[PDB]
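Quick notes on the structure that follows.
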Protein chains: 2
Amino acid sequence: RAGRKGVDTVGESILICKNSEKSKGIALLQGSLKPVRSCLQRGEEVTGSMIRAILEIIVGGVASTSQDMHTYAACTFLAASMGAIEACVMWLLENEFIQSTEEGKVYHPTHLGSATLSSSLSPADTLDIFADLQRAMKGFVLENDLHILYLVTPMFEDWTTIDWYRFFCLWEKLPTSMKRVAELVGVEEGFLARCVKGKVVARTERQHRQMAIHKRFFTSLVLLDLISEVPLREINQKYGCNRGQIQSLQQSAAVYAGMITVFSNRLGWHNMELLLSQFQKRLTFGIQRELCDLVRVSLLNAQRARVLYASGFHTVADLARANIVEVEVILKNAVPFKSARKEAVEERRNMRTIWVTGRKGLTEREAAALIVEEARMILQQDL
Amino acid sequence: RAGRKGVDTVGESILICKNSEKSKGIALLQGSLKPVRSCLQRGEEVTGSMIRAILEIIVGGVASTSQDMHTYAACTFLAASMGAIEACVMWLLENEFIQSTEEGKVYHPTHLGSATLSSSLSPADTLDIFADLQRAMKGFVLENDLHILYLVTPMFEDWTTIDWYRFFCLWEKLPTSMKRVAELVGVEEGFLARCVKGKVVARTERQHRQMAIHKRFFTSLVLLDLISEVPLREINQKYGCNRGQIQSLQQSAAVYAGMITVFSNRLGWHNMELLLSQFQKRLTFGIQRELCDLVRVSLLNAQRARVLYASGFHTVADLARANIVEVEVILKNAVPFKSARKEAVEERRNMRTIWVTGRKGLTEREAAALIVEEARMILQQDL
Ligand SMILES: [K+]
Ligand SMILES: [K+]
């Protein structure tokens, strides 16, 4: 990124080092990129990338027989550099992903197969997800939205560094209704104590998904406050994570929530599907059910939707009838100031202070007129 | 109680009244006792006293036929003043208390019958107790002693006036292990809130044993601290009850615990019997399992047993080897003073400061020698 084309004569790069790390710095300047691996490499005859690859072609209906499988193996990048394929096919058979009809040896997708493909889910993750859902449908808590959120809470990657001492403090202060959900999932208070007392991550044993469970329940709490319209600064102080890690999490959970919804629909689990089908939109914007209609407008996010709701505008229909200058004023009240704000400067009438995507700078007035204009266009398309 | 025989010339009685309650006072001075009712009186064809009376003679084996029943009815105080009997017999039949073998119409006791008699329990109470035990054996908490105590916690009479606001404060501070026991029993947090917020006793509906449940769980908490050797003053401040109400409760629960143990033994419920059979002794003295051996000595109560345990004397065997003057000193340390106690007065060497039952005043020295003497006599009887 050193050197602007058409602007600079040269691009300069400086790597600051010490005498001790002097040799490692030179290694980088002379270093070159490593050769590209296939990521489908084989004491592991089976592998995730291959299992998914084989599942996609069989369920999709472009690979039926055993001859089609090895023909596919020829097209891979792994074979370009110049058994394992057969192992993945059996794996799909053992775990009810694929069917075999002896037309000798022809493979067809199951309901679980077609569901996994439509859900864009990884076959390795689908097994635990399928069990987790069946476990939840045997005993489910409906008095709050926490248990539902847990099912759509992603835990395939760490989104933040969790302070366990902070976690235990929230555990005790946690209401009884949410402790019931914790117990029902696997959250044991004993494991939480062995985390604060001693910084033993363990996780060496495969059976230590016990760690992931507590990380997942911690995350669901964050997502619970998030769709409860709890301020980002409160969530930051309460949990110990920045706004960057949160936004990356909600956009991840919004997508994941859609996956579990599709997965539940293709298996015929209507009751479970019915509950989940409202959280994709709520996780995206971080809102409650009431603001779901307002946030259809492009410029209206969580903060702008709430202040317009609390001012009499509950729906797009109510927002189309709106007086523009009234919308503008309500927007002006949602701004965050360090001092308890909420002189006359008439030189700020042209200040473009509202950002969009692929944006021209919008004034607070122009944005308001756009919100009312868009609301009317949507109101007509609703008929 | 006015007038000491052989001492006073007269006994004087004065009833202090106002002008408003003047007439009611005269009513007492001229009043006389009401005639004695039978307490087995009959829109109530069946009655508790009769059901129990009929059960006792059939199970005991002194009344078999229908002729024996009405012969018994003649001996009652109710018939002395000069149908319902037949109704009680059917009730015992409907609720598996008694058997009928058509030798036309001969009645025999069931296992449930013989158990109720041996337990000294009321047939009306036995039905709910029998259900409560069967409910507990389906899901039982063993990590603490609370759930076991609930089964031997008596609630046939009020032993104190419970402050519900205080109760809710202990509810929130209550650990998760004891909240699980509350939920498992029937303690709903919603009902606790409707007690503090509004002083609605209700209890007009028969189905409002929901009140008794919360009163019973409140009581079990008191009994839990009591056998955990928590000081009487702490229990007084924590719950809001005096030491008189507590002592009346523990002697009531000690007896009741023995009843439920016998009841469980006659039904063949060994596992349940095994757990309960240790709480009669602990409820009596208000001690933990360790002091169970020491309290066999007559003079050793909860307080004296603990200070002797913490000083090296764990058993009667260890207490028989004891040096008398050492026991005396340990006893002197258990005394409660307002100031942080624990001059030389050698005039208190004859002060009788220890009370017994059917008592001569005992000195702290004489009592110690009695404790060691009794311990030796018990140690020999143990062989
Ligand atoms: K929007
Ligand atoms: K004793």
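Chain labels A, B, ... are given in the sequence in which chains occur in the structure tokens; within each chain residues are numbered consecutively from 1, and ligands are likewise numbered from 1 in the order shown.
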
**Q.** Picked from range 4-128 of chain A by DSSP as strand (DSSP E or B), as a PyMOL selection string
**A.** chain A and resi 65+98-101+106-109

Save the residues we just selected, N, CA, C and O atoms, as an mmCIF file, in the first residue's frame?
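So the final result, stored in out.cif, reads:
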```
data_model
loop_
_atom_site.group_PDB
_atom_site.id
_atom_site.type_symbol
_atom_site.label_atom_id
_atom_site.label_comp_id
_atom_site.auth_asym_id
_atom_site.auth_seq_id
_atom_site.Cartn_x
_atom_site.Cartn_y
_atom_site.Cartn_z
ATOM 1 N N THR A 65 -23.832 -41.835 -9.271
ATOM 2 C CA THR A 65 -23.127 -43.108 -9.162
ATOM 3 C C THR A 65 -21.747 -42.952 -8.538
ATOM 4 O O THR A 65 -21.363 -41.863 -8.118
ATOM 5 N N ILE A 98 -27.081 -39.409 3.250
ATOM 6 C CA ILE A 98 -27.229 -39.895 1.884
ATOM 7 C C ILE A 98 -27.769 -41.329 1.875
ATOM 8 O O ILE A 98 -27.570 -42.083 2.829
ATOM 9 N N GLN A 99 -28.472 -41.689 0.805
ATOM 10 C CA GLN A 99 -29.048 -43.026 0.671
ATOM 11 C C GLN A 99 -28.329 -43.838 -0.400
ATOM 12 O O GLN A 99 -27.845 -43.284 -1.384
ATOM 13 N N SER A 100 -28.265 -45.152 -0.208
ATOM 14 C CA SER A 100 -27.652 -46.032 -1.197
ATOM 15 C C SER A 100 -28.633 -47.100 -1.659
ATOM 16 O O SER A 100 -29.171 -47.856 -0.849
ATOM 17 N N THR A 101 -28.863 -47.155 -2.966
ATOM 18 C CA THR A 101 -29.755 -48.153 -3.545
ATOM 19 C C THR A 101 -28.981 -49.100 -4.455
ATOM 20 O O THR A 101 -28.468 -48.691 -5.497
ATOM 21 N N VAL A 106 -26.128 -46.556 -6.402
ATOM 22 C CA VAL A 106 -26.561 -45.213 -6.789
ATOM 23 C C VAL A 106 -26.963 -44.418 -5.547
ATOM 24 O O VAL A 106 -27.755 -44.891 -4.732
ATOM 25 N N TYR A 107 -26.421 -43.211 -5.407
ATOM 26 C CA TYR A 107 -26.603 -42.441 -4.179
ATOM 27 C C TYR A 107 -27.575 -41.272 -4.321
ATOM 28 O O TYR A 107 -27.487 -40.478 -5.257
ATOM 29 N N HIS A 108 -28.498 -41.178 -3.369
ATOM 30 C CA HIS A 108 -29.522 -40.140 -3.374
ATOM 31 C C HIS A 108 -29.529 -39.381 -2.049
ATOM 32 O O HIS A 108 -29.102 -39.911 -1.024
ATOM 33 N N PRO A 109 -30.010 -38.127 -2.068
ATOM 34 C CA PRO A 109 -30.082 -37.321 -0.845
ATOM 35 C C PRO A 109 -31.248 -37.704 0.063
ATOM 36 O O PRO A 109 -32.309 -38.085 -0.425
#
```

Q.
Just want the 8 Å neighbourhood of range 225-227 of chain B, counted on only C-alpha atoms, with same-chain residues fewer than 6 positions away dropped. Output as an MDAnalysis selection string.
A. chainID B and resid 235 282:283 285:288

Residues of chain B that approach ligand 2 to 7 Å or less, counting only C-alpha atoms and all ligand atoms: could you list each one with the shortest pair of atoms and its distance in Å to one decimal, rows by chain and increasing residue number, as a Markdown table?
```
| residue | atom | partner | partner_atom_place_in_ligand_line | distance |
| --- | --- | --- | --- | --- |
| B:295 | CA | ligand 2 | 1 (K) | 4.7 |
| B:296 | CA | ligand 2 | 1 (K) | 5.6 |
| B:297 | CA | ligand 2 | 1 (K) | 5.2 |
| B:298 | CA | ligand 2 | 1 (K) | 3.8 |
| B:299 | CA | ligand 2 | 1 (K) | 5.1 |
| B:300 | CA | ligand 2 | 1 (K) | 4.5 |
| B:301 | CA | ligand 2 | 1 (K) | 4.9 |
```

Q | At most 12 Å to chain B: residues in chain A, only C-alpha atoms, as a PyMOL selection string | A | chain A and resi 171-180+182-183+188-190

Only N, CA, C and O atoms, please: the residues just picked out, written as a compact mmCIF listing (two decimals), in the first residue's frame.
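See part.txt below for the written result:
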```
# COMPACT_ATOMS: atom_id res chain seq x y z
N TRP A 171 -23.71 -13.82 36.49
CA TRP A 171 -24.37 -15.09 36.76
C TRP A 171 -25.22 -15.03 38.02
O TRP A 171 -26.36 -15.47 38.03
N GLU A 172 -24.65 -14.48 39.09
CA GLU A 172 -25.36 -14.37 40.36
C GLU A 172 -26.51 -13.38 40.26
O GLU A 172 -27.59 -13.61 40.81
N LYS A 173 -26.28 -12.27 39.56
CA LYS A 173 -27.30 -11.24 39.40
C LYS A 173 -28.35 -11.64 38.37
O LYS A 173 -29.35 -10.95 38.19
N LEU A 174 -28.10 -12.75 37.68
CA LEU A 174 -29.01 -13.24 36.65
C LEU A 174 -30.31 -13.74 37.26
O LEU A 174 -30.29 -14.54 38.20
N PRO A 175 -31.45 -13.28 36.73
CA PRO A 175 -32.78 -13.67 37.22
C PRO A 175 -33.02 -15.17 37.15
O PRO A 175 -32.30 -15.87 36.44
N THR A 176 -34.02 -15.65 37.88
CA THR A 176 -34.28 -17.09 37.96
C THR A 176 -34.75 -17.65 36.63
O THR A 176 -34.45 -18.80 36.29
N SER A 177 -35.47 -16.84 35.86
CA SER A 177 -36.00 -17.27 34.57
C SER A 177 -34.90 -17.57 33.56
O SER A 177 -35.07 -18.39 32.66
N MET A 178 -33.76 -16.90 33.71
CA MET A 178 -32.64 -17.08 32.79
C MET A 178 -31.64 -18.10 33.32
O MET A 178 -30.82 -18.62 32.56
N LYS A 179 -31.70 -18.38 34.62
CA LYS A 179 -30.89 -19.45 35.19
C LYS A 179 -31.46 -20.81 34.79
O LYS A 179 -30.72 -21.78 34.63
N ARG A 180 -32.78 -20.86 34.64
CA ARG A 180 -33.45 -22.09 34.22
C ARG A 180 -33.01 -22.47 32.81
O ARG A 180 -32.84 -23.65 32.50
N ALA A 182 -30.12 -21.61 31.48
CA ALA A 182 -28.71 -21.98 31.58
C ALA A 182 -28.55 -23.44 31.97
O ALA A 182 -27.82 -24.19 31.32
N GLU A 183 -29.25 -23.84 33.03
CA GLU A 183 -29.23 -25.23 33.48
C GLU A 183 -29.71 -26.17 32.39
O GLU A 183 -29.12 -27.23 32.15
N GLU A 188 -23.12 -25.19 33.87
CA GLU A 188 -22.96 -25.60 35.26
C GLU A 188 -22.18 -24.53 36.01
O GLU A 188 -21.18 -24.01 35.52
N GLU A 189 -22.65 -24.19 37.21
CA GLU A 189 -22.03 -23.14 38.00
C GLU A 189 -20.63 -23.54 38.46
O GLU A 189 -19.77 -22.69 38.68
N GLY A 190 -20.41 -24.84 38.59
CA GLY A 190 -19.11 -25.36 39.00
C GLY A 190 -18.01 -25.06 38.01
O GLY A 190 -16.89 -24.73 38.40
```

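One distance worth recording is that between CA of residue 333 in chain A and CA of residue 365 in chain A, which is 13.3 Å.
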
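Between CA of residue 37 in chain B and CA of residue 24 in chain B lies a distance of 24.4 Å.
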
Q: Could you tell me which of B:237, B:383, B:129, B:376 comes closest to residue 316 in chain B if we count only C-alpha atoms?
A: B:376

Q: Write out as a PyMOL selection string which residues come within 9 Å of residue 162 in chain B when counting only C-alpha atoms, dropping same-chain ones fewer than 2 positions away.
A: chain B and resi 160+164-167+215+218+239-241
